[PDB]
>>> print(open('data10.cif').read())   # mmCIF, N, CA and C atoms
data_input
loop_
_atom_site.label_atom_id
_atom_site.label_comp_id
_atom_site.auth_asym_id
_atom_site.auth_seq_id
_atom_site.Cartn_x
_atom_site.Cartn_y
_atom_site.Cartn_z
N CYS A 5 -13.86 34.62 -14.35
CA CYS A 5 -13.83 35.26 -13.04
C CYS A 5 -12.41 35.79 -12.74
N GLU A 6 -12.22 36.46 -11.59
CA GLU A 6 -10.90 36.66 -10.99
C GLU A 6 -10.71 35.75 -9.75
N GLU A 7 -9.53 35.14 -9.66
CA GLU A 7 -9.13 34.12 -8.70
C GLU A 7 -8.55 34.75 -7.37
N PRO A 8 -7.99 34.00 -6.39
CA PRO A 8 -7.70 34.45 -5.01
C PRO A 8 -7.13 35.87 -4.77
N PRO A 9 -5.86 36.09 -5.15
CA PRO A 9 -5.62 37.13 -6.15
C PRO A 9 -5.83 36.61 -7.58
N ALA A 10 -5.98 37.54 -8.51
CA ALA A 10 -6.11 37.31 -9.94
C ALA A 10 -4.86 36.56 -10.51
N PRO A 11 -4.62 36.53 -11.83
CA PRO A 11 -3.32 36.07 -12.38
C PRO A 11 -2.12 36.96 -11.90
N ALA A 12 -1.08 37.28 -12.70
CA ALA A 12 0.09 38.01 -12.13
C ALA A 12 0.47 39.48 -12.54
N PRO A 13 0.06 40.12 -13.68
CA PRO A 13 0.56 41.49 -14.01
C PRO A 13 -0.12 42.79 -13.46
N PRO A 14 -1.24 42.81 -12.70
CA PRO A 14 -1.55 41.93 -11.58
C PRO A 14 -2.70 40.90 -11.80
N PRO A 15 -3.38 40.70 -12.97
CA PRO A 15 -3.69 41.56 -14.10
C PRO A 15 -4.60 42.74 -13.83
N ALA A 16 -4.51 43.69 -14.76
CA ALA A 16 -5.45 44.77 -15.09
C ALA A 16 -5.94 45.68 -13.94
N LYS A 17 -5.93 45.27 -12.66
CA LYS A 17 -6.45 46.07 -11.53
C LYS A 17 -5.60 47.26 -11.05
N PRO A 18 -4.53 47.67 -11.74
CA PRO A 18 -4.14 49.09 -11.76
C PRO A 18 -5.16 50.05 -12.36
N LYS A 19 -5.95 49.59 -13.36
CA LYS A 19 -6.93 50.45 -14.05
C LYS A 19 -8.30 50.36 -13.38
N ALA A 20 -8.68 49.16 -12.92
CA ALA A 20 -9.88 48.96 -12.11
C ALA A 20 -9.72 49.44 -10.66
N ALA A 21 -8.92 48.72 -9.87
CA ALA A 21 -7.89 49.34 -9.05
C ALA A 21 -8.07 50.86 -8.99
N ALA A 22 -7.34 51.57 -9.84
CA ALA A 22 -6.89 52.92 -9.54
C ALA A 22 -8.03 53.93 -9.73
N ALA A 23 -8.83 53.72 -10.76
CA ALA A 23 -9.98 54.58 -11.03
C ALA A 23 -11.19 54.15 -10.20
N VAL A 24 -11.02 53.07 -9.43
CA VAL A 24 -11.64 52.97 -8.12
C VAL A 24 -10.88 53.79 -7.08
N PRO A 25 -10.40 53.11 -6.05
CA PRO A 25 -10.04 53.78 -4.78
C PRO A 25 -10.60 55.19 -4.54
N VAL A 26 -11.92 55.38 -4.47
CA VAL A 26 -12.97 54.35 -4.28
C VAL A 26 -13.99 54.42 -5.43
N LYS A 27 -15.26 54.14 -5.13
CA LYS A 27 -16.36 54.96 -5.62
C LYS A 27 -15.91 56.39 -5.87
N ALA A 28 -14.99 56.87 -5.04
CA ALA A 28 -14.91 58.29 -4.72
C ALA A 28 -16.14 58.73 -3.92
N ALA A 29 -17.30 58.69 -4.55
CA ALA A 29 -18.30 59.74 -4.39
C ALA A 29 -18.06 60.89 -5.35
N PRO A 30 -16.91 61.54 -5.21
CA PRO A 30 -16.51 62.12 -3.93
C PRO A 30 -17.65 62.87 -3.26
N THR A 31 -17.88 62.60 -1.98
CA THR A 31 -18.96 63.24 -1.23
C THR A 31 -18.59 64.66 -0.84
N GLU A 32 -18.52 65.55 -1.82
CA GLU A 32 -18.23 66.96 -1.57
C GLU A 32 -19.27 67.59 -0.66
N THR A 33 -19.10 67.41 0.64
CA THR A 33 -20.20 67.58 1.59
C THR A 33 -19.71 68.18 2.90
N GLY A 34 -19.67 67.36 3.94
CA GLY A 34 -20.32 67.68 5.20
C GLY A 34 -19.40 68.39 6.16
N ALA A 35 -19.12 69.66 5.87
CA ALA A 35 -18.02 70.37 6.53
C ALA A 35 -18.47 70.95 7.87
N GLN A 36 -17.53 71.57 8.58
CA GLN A 36 -17.81 72.10 9.91
C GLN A 36 -17.24 73.52 10.02
N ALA A 37 -17.83 74.35 10.87
CA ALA A 37 -17.50 75.77 10.99
C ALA A 37 -16.83 76.11 12.34
N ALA A 38 -15.89 77.06 12.32
CA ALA A 38 -15.37 77.73 13.53
C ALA A 38 -16.28 78.85 14.07
N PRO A 39 -17.48 79.02 13.47
CA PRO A 39 -17.94 80.31 12.91
C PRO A 39 -16.91 81.46 13.00
N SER A 40 -17.36 82.68 13.32
CA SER A 40 -16.52 83.82 13.70
C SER A 40 -17.24 84.60 14.81
N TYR A 41 -16.51 85.48 15.51
CA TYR A 41 -16.99 86.16 16.72
C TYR A 41 -16.82 87.68 16.57
N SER A 42 -17.78 88.44 17.10
CA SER A 42 -17.75 89.90 17.15
C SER A 42 -17.04 90.44 18.40
N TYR A 43 -16.77 91.75 18.42
CA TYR A 43 -16.03 92.42 19.49
C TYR A 43 -16.83 93.47 20.27
N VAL A 44 -16.42 93.78 21.50
CA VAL A 44 -17.17 94.57 22.49
C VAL A 44 -16.23 95.52 23.26
N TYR A 45 -16.63 96.69 23.75
CA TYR A 45 -17.73 97.61 23.39
C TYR A 45 -17.24 99.02 23.81
N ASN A 46 -17.72 100.09 23.17
CA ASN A 46 -17.21 101.45 23.42
C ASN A 46 -17.95 102.18 24.56
N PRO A 47 -17.33 102.26 25.75
CA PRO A 47 -17.43 103.49 26.53
C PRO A 47 -16.18 103.81 27.40
N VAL A 48 -16.11 105.10 27.72
CA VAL A 48 -16.22 105.53 29.13
C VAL A 48 -17.51 106.33 29.30
N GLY A 49 -18.17 106.15 30.44
CA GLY A 49 -19.40 106.88 30.79
C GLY A 49 -19.15 108.37 31.01
N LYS A 50 -20.24 109.15 31.11
CA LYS A 50 -20.22 110.58 31.45
C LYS A 50 -21.23 110.88 32.56
N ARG A 51 -21.00 111.97 33.30
CA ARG A 51 -21.84 112.39 34.43
C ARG A 51 -22.43 113.78 34.17
N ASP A 52 -23.67 113.87 34.60
CA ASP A 52 -24.53 115.02 34.80
C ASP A 52 -25.16 114.72 36.21
N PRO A 53 -26.42 114.27 36.19
CA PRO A 53 -26.83 112.92 36.54
C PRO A 53 -25.80 111.81 36.19
N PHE A 54 -25.43 110.90 37.09
CA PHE A 54 -26.19 110.51 38.28
C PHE A 54 -25.55 111.03 39.57
N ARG A 55 -24.55 111.94 39.54
CA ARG A 55 -23.89 112.37 40.79
C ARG A 55 -24.84 113.12 41.72
N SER A 56 -25.47 114.21 41.26
CA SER A 56 -26.50 114.89 42.08
C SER A 56 -27.67 113.99 42.55
N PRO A 57 -28.34 113.21 41.69
CA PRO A 57 -29.47 112.38 42.13
C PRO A 57 -29.14 111.16 43.00
N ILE A 58 -27.88 110.90 43.40
CA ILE A 58 -27.56 109.93 44.48
C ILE A 58 -26.41 110.39 45.41
N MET B 1 30.34 9.33 -47.90
CA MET B 1 29.39 8.27 -48.23
C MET B 1 28.38 8.85 -49.22
N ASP B 2 28.79 8.78 -50.49
CA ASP B 2 28.73 9.82 -51.52
C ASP B 2 27.35 10.25 -52.02
N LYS B 3 26.50 9.26 -52.28
CA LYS B 3 25.31 9.55 -53.07
C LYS B 3 24.43 10.55 -52.35
N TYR B 4 24.85 10.93 -51.12
CA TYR B 4 24.06 11.76 -50.24
C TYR B 4 24.47 13.24 -50.31
N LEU B 5 25.73 13.56 -50.70
CA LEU B 5 25.94 14.95 -51.13
C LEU B 5 25.50 15.12 -52.56
N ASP B 6 25.36 14.01 -53.28
CA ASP B 6 24.70 14.23 -54.55
C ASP B 6 23.22 14.56 -54.33
N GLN B 7 22.59 13.87 -53.38
CA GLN B 7 21.19 14.16 -53.09
C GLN B 7 21.04 15.49 -52.37
N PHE B 8 22.04 15.86 -51.56
CA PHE B 8 21.96 17.09 -50.77
C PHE B 8 22.22 18.32 -51.64
N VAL B 9 23.00 18.15 -52.71
CA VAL B 9 23.19 19.22 -53.69
C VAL B 9 22.05 19.31 -54.68
N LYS B 10 21.31 18.22 -54.89
CA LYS B 10 20.21 18.20 -55.86
C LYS B 10 18.86 18.75 -55.38
N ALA B 11 17.97 17.83 -54.96
CA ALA B 11 16.56 18.05 -54.61
C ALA B 11 15.64 17.80 -55.81
N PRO B 12 14.40 17.37 -55.52
CA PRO B 12 13.10 17.81 -56.07
C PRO B 12 11.90 17.70 -55.03
N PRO B 13 10.97 16.68 -55.03
CA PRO B 13 9.79 16.83 -54.16
C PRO B 13 10.12 16.86 -52.68
N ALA B 14 11.00 15.97 -52.23
CA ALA B 14 11.31 15.88 -50.80
C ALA B 14 11.83 17.20 -50.26
N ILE B 15 12.62 17.92 -51.06
CA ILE B 15 13.26 19.14 -50.59
C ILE B 15 12.40 20.37 -50.89
N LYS B 16 11.56 20.32 -51.93
CA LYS B 16 10.54 21.35 -52.08
C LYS B 16 9.58 21.33 -50.89
N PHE B 17 9.08 20.14 -50.54
CA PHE B 17 8.30 19.98 -49.33
C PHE B 17 9.09 20.45 -48.10
N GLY B 18 10.35 20.03 -47.99
CA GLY B 18 11.16 20.45 -46.86
C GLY B 18 11.24 21.96 -46.73
N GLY B 19 11.59 22.64 -47.82
CA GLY B 19 11.68 24.09 -47.80
C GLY B 19 10.36 24.76 -47.43
N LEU B 20 9.25 24.29 -48.02
CA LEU B 20 7.95 24.76 -47.56
C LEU B 20 7.80 24.62 -46.05
N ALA B 21 8.29 23.51 -45.50
CA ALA B 21 8.12 23.25 -44.07
C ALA B 21 8.97 24.18 -43.21
N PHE B 22 10.23 24.40 -43.60
CA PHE B 22 11.05 25.35 -42.85
C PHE B 22 10.46 26.75 -42.92
N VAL B 23 9.88 27.11 -44.07
CA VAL B 23 9.26 28.43 -44.20
C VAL B 23 8.06 28.55 -43.26
N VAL B 24 7.17 27.55 -43.24
CA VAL B 24 5.99 27.66 -42.39
C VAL B 24 6.40 27.63 -40.92
N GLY B 25 7.47 26.91 -40.59
CA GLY B 25 7.99 26.97 -39.24
C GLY B 25 8.48 28.35 -38.85
N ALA B 26 9.23 29.00 -39.75
CA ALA B 26 9.65 30.38 -39.51
C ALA B 26 8.45 31.31 -39.32
N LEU B 27 7.44 31.18 -40.18
CA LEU B 27 6.28 32.06 -40.08
C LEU B 27 5.52 31.84 -38.77
N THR B 28 5.44 30.59 -38.30
CA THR B 28 4.77 30.35 -37.03
C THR B 28 5.58 30.90 -35.86
N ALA B 29 6.91 30.77 -35.89
CA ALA B 29 7.73 31.48 -34.92
C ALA B 29 7.42 32.97 -34.92
N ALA B 30 7.31 33.56 -36.12
CA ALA B 30 7.05 34.99 -36.23
C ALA B 30 5.70 35.37 -35.64
N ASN B 31 4.64 34.62 -35.94
CA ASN B 31 3.33 35.01 -35.44
C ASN B 31 3.20 34.73 -33.94
N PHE B 32 3.91 33.72 -33.42
CA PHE B 32 3.90 33.52 -31.98
C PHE B 32 4.62 34.65 -31.26
N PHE B 33 5.74 35.13 -31.81
CA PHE B 33 6.35 36.32 -31.23
C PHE B 33 5.42 37.52 -31.34
N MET B 34 4.71 37.64 -32.47
CA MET B 34 3.78 38.74 -32.69
C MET B 34 2.47 38.59 -31.92
N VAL B 35 2.28 37.50 -31.18
CA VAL B 35 1.23 37.47 -30.17
C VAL B 35 1.80 37.56 -28.76
N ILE B 36 3.10 37.33 -28.58
CA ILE B 36 3.70 37.54 -27.27
C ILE B 36 3.91 39.03 -27.01
N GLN B 37 4.28 39.80 -28.03
CA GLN B 37 4.50 41.23 -27.82
C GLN B 37 3.24 41.99 -27.42
N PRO B 38 2.07 41.78 -28.05
CA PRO B 38 0.86 42.47 -27.55
C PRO B 38 0.51 42.12 -26.12
N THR B 39 0.96 40.96 -25.63
CA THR B 39 0.81 40.64 -24.22
C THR B 39 1.55 41.65 -23.36
N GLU B 40 2.85 41.82 -23.62
CA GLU B 40 3.65 42.76 -22.84
C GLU B 40 3.10 44.17 -22.93
N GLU B 41 2.82 44.63 -24.16
CA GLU B 41 2.21 45.94 -24.33
C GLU B 41 0.92 46.06 -23.53
N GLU B 42 0.15 44.97 -23.47
CA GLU B 42 -1.15 44.99 -22.80
C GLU B 42 -1.00 45.10 -21.29
N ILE B 43 -0.05 44.34 -20.73
CA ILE B 43 0.25 44.48 -19.31
C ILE B 43 0.71 45.90 -19.01
N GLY B 44 1.47 46.50 -19.93
CA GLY B 44 1.86 47.89 -19.75
C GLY B 44 0.68 48.83 -19.66
N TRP B 45 -0.24 48.75 -20.64
CA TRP B 45 -1.43 49.60 -20.59
C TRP B 45 -2.24 49.36 -19.32
N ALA B 46 -2.25 48.11 -18.83
CA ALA B 46 -2.86 47.84 -17.53
C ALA B 46 -2.20 48.66 -16.42
N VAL B 47 -0.87 48.59 -16.34
CA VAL B 47 -0.15 49.31 -15.29
C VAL B 47 -0.39 50.82 -15.39
N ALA B 48 -0.54 51.35 -16.61
CA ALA B 48 -0.85 52.77 -16.74
C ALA B 48 -2.26 53.08 -16.24
N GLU B 49 -3.25 52.35 -16.76
CA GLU B 49 -4.64 52.61 -16.42
C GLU B 49 -4.88 52.54 -14.92
N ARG B 50 -4.36 51.48 -14.27
CA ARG B 50 -4.52 51.37 -12.82
C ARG B 50 -3.92 52.57 -12.10
N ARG B 51 -2.76 53.05 -12.57
CA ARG B 51 -2.17 54.25 -11.99
C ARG B 51 -3.03 55.48 -12.21
N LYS B 52 -3.89 55.47 -13.24
CA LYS B 52 -4.85 56.57 -13.37
C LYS B 52 -6.02 56.41 -12.40
#
>>> encode(input="data10.cif", output="structure tokens")
Amino acid sequence: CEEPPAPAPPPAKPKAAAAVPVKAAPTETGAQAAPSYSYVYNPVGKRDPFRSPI
Amino acid sequence: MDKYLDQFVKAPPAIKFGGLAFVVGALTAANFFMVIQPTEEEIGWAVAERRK
């Protein structure tokens, strides 16, 4: 077995240890978006109508 | 106290056995060192692997 901590070099858990931290997964997953936004809008208006009809 | 440098300059069975014994003692020192060194090397490979 391994004891309270193990023996002393530490033993061996730099390799168990290191190629753990962690599982990894790595869970290459669950990201989030800013999305993006569109822009508005082209006029100046023109008259024919509606000046005469009001 | 003389007859003893005569014996110390001479030898037969007692000193053939003795020489065999000093030799096997040297060889055991050698193999114990040659099992202590793979220990150090092994702790080293541990420190490398964990860093990976």
>>> atom_distance(input="data10.cif", atom1="atom CA of residue B:43", atom2="atom CA of residue A:7")
17.5 Å
>>> resolve_selection(input="data10.cif", expression="the PyMOL selection byres ((chain A) within 6.5 of (chain B))", output="VMD selection string")
chain A and resid 13 16 to 23
>>> select_by_dssp(input="data10.cif", residues="chain A", states="helix (DSSP H, G or I)", output="ChimeraX atom specification")
/A:19-23
>>> atom_distance(input="data10.cif", atom1="atom N of residue A:14", atom2="atom N of residue B:39")
13.2 Å
>>> atom_distance(input="data10.cif", atom1="atom CA of residue A:28", atom2="atom CA of residue A:10")
23.3 Å
>>> axis_aligned_box(input="data10.cif", around="stretch 22-35 of chain A", padding_each_side="5 Å", output="AutoDock Vina command-line options")
--center_x -13.6 --center_y 61.3 --center_z -1.6 --size_x 23.4 --size_y 29.4 --size_z 28.9
>>> decode(input="data10.cif", residues="stretch 27-46 of chain A", atoms="N, CA, C and O atoms", output="PDB file, in the first residue's frame")
ATOM      1  N   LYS A  27      -7.489  13.460 -13.556  1.00  0.00           N
ATOM      2  CA  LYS A  27      -8.119  12.894 -14.743  1.00  0.00           C
ATOM      3  C   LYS A  27      -7.726  13.668 -15.997  1.00  0.00           C
ATOM      4  O   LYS A  27      -7.589  13.091 -17.077  1.00  0.00           O
ATOM      5  N   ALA A  28      -7.547  14.976 -15.848  1.00  0.00           N
ATOM      6  CA  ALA A  28      -7.806  15.914 -16.934  1.00  0.00           C
ATOM      7  C   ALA A  28      -9.290  15.960 -17.281  1.00  0.00           C
ATOM      8  O   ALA A  28      -9.950  16.982 -17.092  1.00  0.00           O
ATOM      9  N   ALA A  29      -9.808  14.847 -17.791  1.00  0.00           N
ATOM     10  CA  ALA A  29     -10.780  14.881 -18.877  1.00  0.00           C
ATOM     11  C   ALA A  29     -10.087  14.928 -20.236  1.00  0.00           C
ATOM     12  O   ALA A  29     -10.241  14.020 -21.052  1.00  0.00           O
ATOM     13  N   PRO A  30      -9.325  15.991 -20.468  1.00  0.00           N
ATOM     14  CA  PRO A  30      -9.845  17.356 -20.340  1.00  0.00           C
ATOM     15  C   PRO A  30     -11.215  17.504 -20.993  1.00  0.00           C
ATOM     16  O   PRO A  30     -11.404  17.079 -22.132  1.00  0.00           O
ATOM     17  N   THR A  31     -12.157  18.102 -20.272  1.00  0.00           N
ATOM     18  CA  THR A  31     -13.513  18.280 -20.779  1.00  0.00           C
ATOM     19  C   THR A  31     -13.583  19.436 -21.771  1.00  0.00           C
ATOM     20  O   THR A  31     -14.160  20.484 -21.477  1.00  0.00           O
ATOM     21  N   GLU A  32     -12.993  19.239 -22.945  1.00  0.00           N
ATOM     22  CA  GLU A  32     -13.027  20.247 -23.999  1.00  0.00           C
ATOM     23  C   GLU A  32     -14.459  20.553 -24.423  1.00  0.00           C
ATOM     24  O   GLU A  32     -14.958  19.998 -25.402  1.00  0.00           O
ATOM     25  N   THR A  33     -15.115  21.438 -23.680  1.00  0.00           N
ATOM     26  CA  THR A  33     -16.571  21.518 -23.692  1.00  0.00           C
ATOM     27  C   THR A  33     -17.044  22.961 -23.551  1.00  0.00           C
ATOM     28  O   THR A  33     -16.922  23.758 -24.481  1.00  0.00           O
ATOM     29  N   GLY A  34     -17.584  23.291 -22.382  1.00  0.00           N
ATOM     30  CA  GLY A  34     -18.896  23.904 -22.294  1.00  0.00           C
ATOM     31  C   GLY A  34     -18.829  25.419 -22.294  1.00  0.00           C
ATOM     32  O   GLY A  34     -19.046  26.059 -21.266  1.00  0.00           O
ATOM     33  N   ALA A  35     -18.527  25.992 -23.454  1.00  0.00           N
ATOM     34  CA  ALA A  35     -18.132  27.393 -23.536  1.00  0.00           C
ATOM     35  C   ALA A  35     -19.350  28.309 -23.591  1.00  0.00           C
ATOM     36  O   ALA A  35     -20.488  27.841 -23.616  1.00  0.00           O
ATOM     37  N   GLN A  36     -19.103  29.614 -23.609  1.00  0.00           N
ATOM     38  CA  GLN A  36     -20.178  30.597 -23.589  1.00  0.00           C
ATOM     39  C   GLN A  36     -19.913  31.672 -24.647  1.00  0.00           C
ATOM     40  O   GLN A  36     -18.764  31.923 -25.007  1.00  0.00           O
ATOM     41  N   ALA A  37     -20.973  32.301 -25.158  1.00  0.00           N
ATOM     42  CA  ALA A  37     -20.898  33.246 -26.272  1.00  0.00           C
ATOM     43  C   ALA A  37     -21.230  34.687 -25.837  1.00  0.00           C
ATOM     44  O   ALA A  37     -22.197  34.913 -25.110  1.00  0.00           O
ATOM     45  N   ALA A  38     -20.560  35.668 -26.453  1.00  0.00           N
ATOM     46  CA  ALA A  38     -20.944  37.089 -26.408  1.00  0.00           C
ATOM     47  C   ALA A  38     -22.091  37.468 -27.383  1.00  0.00           C
ATOM     48  O   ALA A  38     -22.638  38.570 -27.280  1.00  0.00           O
ATOM     49  N   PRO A  39     -22.668  36.460 -28.069  1.00  0.00           N
ATOM     50  CA  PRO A  39     -22.791  36.437 -29.544  1.00  0.00           C
ATOM     51  C   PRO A  39     -22.133  37.636 -30.269  1.00  0.00           C
ATOM     52  O   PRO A  39     -20.982  37.972 -29.996  1.00  0.00           O
ATOM     53  N   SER A  40     -22.774  38.174 -31.306  1.00  0.00           N
ATOM     54  CA  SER A  40     -22.446  39.451 -31.942  1.00  0.00           C
ATOM     55  C   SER A  40     -23.752  40.156 -32.336  1.00  0.00           C
ATOM     56  O   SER A  40     -24.828  39.559 -32.278  1.00  0.00           O
ATOM     57  N   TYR A  41     -23.681  41.457 -32.639  1.00  0.00           N
ATOM     58  CA  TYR A  41     -24.853  42.309 -32.843  1.00  0.00           C
ATOM     59  C   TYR A  41     -24.751  43.036 -34.190  1.00  0.00           C
ATOM     60  O   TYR A  41     -23.658  43.385 -34.642  1.00  0.00           O
ATOM     61  N   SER A  42     -25.891  43.202 -34.863  1.00  0.00           N
ATOM     62  CA  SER A  42     -26.012  43.949 -36.120  1.00  0.00           C
ATOM     63  C   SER A  42     -26.275  45.443 -35.891  1.00  0.00           C
ATOM     64  O   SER A  42     -26.563  45.878 -34.774  1.00  0.00           O
ATOM     65  N   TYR A  43     -26.180  46.237 -36.965  1.00  0.00           N
ATOM     66  CA  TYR A  43     -26.307  47.700 -36.924  1.00  0.00           C
ATOM     67  C   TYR A  43     -27.500  48.257 -37.716  1.00  0.00           C
ATOM     68  O   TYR A  43     -27.991  47.612 -38.644  1.00  0.00           O
ATOM     69  N   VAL A  44     -27.962  49.459 -37.364  1.00  0.00           N
ATOM     70  CA  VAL A  44     -29.224  50.069 -37.828  1.00  0.00           C
ATOM     71  C   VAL A  44     -29.033  51.566 -38.106  1.00  0.00           C
ATOM     72  O   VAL A  44     -28.263  52.211 -37.407  1.00  0.00           O
ATOM     73  N   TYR A  45     -29.741  52.230 -39.023  1.00  0.00           N
ATOM     74  CA  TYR A  45     -30.455  51.798 -40.238  1.00  0.00           C
ATOM     75  C   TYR A  45     -30.441  53.026 -41.180  1.00  0.00           C
ATOM     76  O   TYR A  45     -30.258  54.153 -40.731  1.00  0.00           O
ATOM     77  N   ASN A  46     -30.507  52.836 -42.502  1.00  0.00           N
ATOM     78  CA  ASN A  46     -30.366  53.944 -43.465  1.00  0.00           C
ATOM     79  C   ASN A  46     -31.707  54.628 -43.807  1.00  0.00           C
ATOM     80  O   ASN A  46     -32.333  54.253 -44.803  1.00  0.00           O
TER      81      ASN A  46
END
